[PDB]
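# Remarks on the overall topology
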There are 6 protein chains.
Amino acid sequence: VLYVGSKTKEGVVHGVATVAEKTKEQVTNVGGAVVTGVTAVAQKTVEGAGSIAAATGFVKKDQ
Amino acid sequence: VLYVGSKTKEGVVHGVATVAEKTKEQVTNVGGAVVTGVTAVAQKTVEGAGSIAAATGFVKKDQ
Amino acid sequence: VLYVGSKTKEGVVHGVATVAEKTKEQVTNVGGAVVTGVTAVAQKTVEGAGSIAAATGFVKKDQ
Amino acid sequence: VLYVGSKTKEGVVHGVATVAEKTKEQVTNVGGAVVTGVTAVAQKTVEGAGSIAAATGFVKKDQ
Amino acid sequence: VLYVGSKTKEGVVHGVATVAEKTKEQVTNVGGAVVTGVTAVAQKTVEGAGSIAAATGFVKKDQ
Amino acid sequence: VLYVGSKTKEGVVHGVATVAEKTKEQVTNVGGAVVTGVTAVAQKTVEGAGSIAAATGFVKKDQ
């Protein structure tokens, strides 16, 4: 018996309840990035960069 | 018996309840990116970059 | 018995309930990208980049 | 202008999300009453008795 | 302007999220009453008795 | 302007989130009453007795 890498559980979300009562919600953007409202998200990345709510700017590599 | 990589569970979302009561919701954009409202999302990436709510800017590589 | 890569479960979403009562919802865009309202999404990518709600800007590679 | 009994809201249920993951569920009865699983119920009774999940016994009025 | 009995809100339930993960659930009865699992219930009774999860016994009025 | 009985709010439940993870749940009864699991319940009774989770015994009025 080996059971190598067995019965695992990774990058998991479960059993979540959520209520949101918002009368108004404005998001104005005129520049770079804006990220909002990220709920119950799961990921598993192998041999790579893993981002989930990454608001980056502008990569301005010139000459 | 090996059971190598067995009974696994990865990048999973389950058992989620959500209520959202919003009277108004405006999103104005005139520049780069805007990401909103990302719920119950799962991913598994192998040998690659994995992004989920990544609002990037503008990659301006000149000469 | 090997059971290598067996009974797996990856990039999965299940058992999700959602209610959304929004009286008004406007999205104005005049620049780059806008992503909204992404619910119960699953993906598995092998040997590749995997994006799910990625609002990118404009890749302006000149000469 | 009277607006007597106006814009009322009574005996109301709205905006409800629910998830139930039950692997087994047995209900054995051999006597009186059993009531189970009552969700999102509304009632308005006028000039009367109003019951909603009332498990009564046995009304044994003899001579 | 009277607005007598106006813009009222009574016996109301709203904006409820619920998750229940039960592996087993047995209810055995052999006598009187059993009431279980009553969620998001609303009532308005006028000129009457109002019960919602009332498990009564046995009304044994003899001679 | 009277606004008598106006903009009221009575017997109300709202904005409730709940998670319940129970591996086992048994309810055995052989006598009178049993009441369990009463969530997010509202009532308004006028000119009457109002009970919500009332487990009574057995009213044995003899001669």
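Residues numbered from 1 in each chain as written, not as in the entry; some residues may be left out. Chains lettered and ligands numbered in written order. Heavy atoms only, no water.

- Identification of chain A as Alpha-synuclein from Homo sapiens is taken from the PDB entry.
- For this entry, the PDB title field holds "Cryo-EM structure of Apo-alpha-syn fibril".

## What to know about unusual backbone geometry
- Phi at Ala-40 of chain B is positive, roughly 55 degrees, even though this residue is not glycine.
- In this structure, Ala-40 of chain B sits in strand β3 (residues 35-46).
- Using a relative accessible area of 0% as the deciding quantity, one classes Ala-40 of chain B as buried.
- Located in the positive-phi region is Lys-7 of chain D, a residue other than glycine, with phi close to 50 degrees.
- Tracing the backbone through its elements, the reader meets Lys-7 of chain D in the segment before β1 (10-22). (Helix = DSSP H or I, 4+ residues; strand = E, 2+ residues; numbered from the N terminus. Buried < 20%, exposed > 50% of the residue type's maximum accessible area, 1.4 Å probe, protein only.)

## Points about the sheet that holds strand β2 (residues 26-29) of chain B
- Taken together, the 3 strands give an open sheet; going across it, the order is β2(A)-β2(B)-β2(C), and neighbouring strands pair in parallel fashion. Pairing within the sheet leaves two strands with one partner each, and these edge strands are β2 (26-29) of chain A together with β2 (26-29) of chain C. On average, adjacent strands in this sheet sit at an angle of 0 degrees to one another, irrespective of strand direction.
- Two strands pair when backbone bridges link them, and β2 of chain A and β2 of chain B are joined in this way by 4 bridges, in the parallel orientation. Within β2 of chain B, the position partnered with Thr-28 of chain A by the bridge is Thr-28 of chain B. (Pairing = 2+ DSSP bridges. Axes fitted to C-alpha atoms, helices over the stretch in contact; angles between N-to-C directions.)

## Section: the arrangement of the chains
- There is a clear gap between chain C and chain E: no contact, and 9 Å between their nearest C-alpha atoms.
- A gap remains between chain C and chain F, with no contact made and the closest C-alpha atoms lying 13 Å from each other. (Contact = heavy atoms within 4.5 Å.)

## Focus: the relation of the copies chain E and chain A
- Take chain E, turn it by 180 degrees, move it 2.4 Å along the axis, and it overlays chain A with an RMSD of 0.0 Å.
- Of all interface residues in chain E, 100% are interface residues in chain A too; the two copies therefore contact each other through one and the same surface. (Least-squares fit on C-alpha atoms.)

## Here we look at the packing of aromatic side chains
- Tallied over the full model, the rule gives 8 aromatic pairs over all chains.
- Taken together, the aromatic side chains of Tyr-3 of chain A, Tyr-3 of chain B together with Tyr-3 of chain C make up a single cluster linked through ring pairs. (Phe/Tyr/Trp six-rings, centres within 6.5 Å; stacked < 30°, edge-to-face > 60°.)

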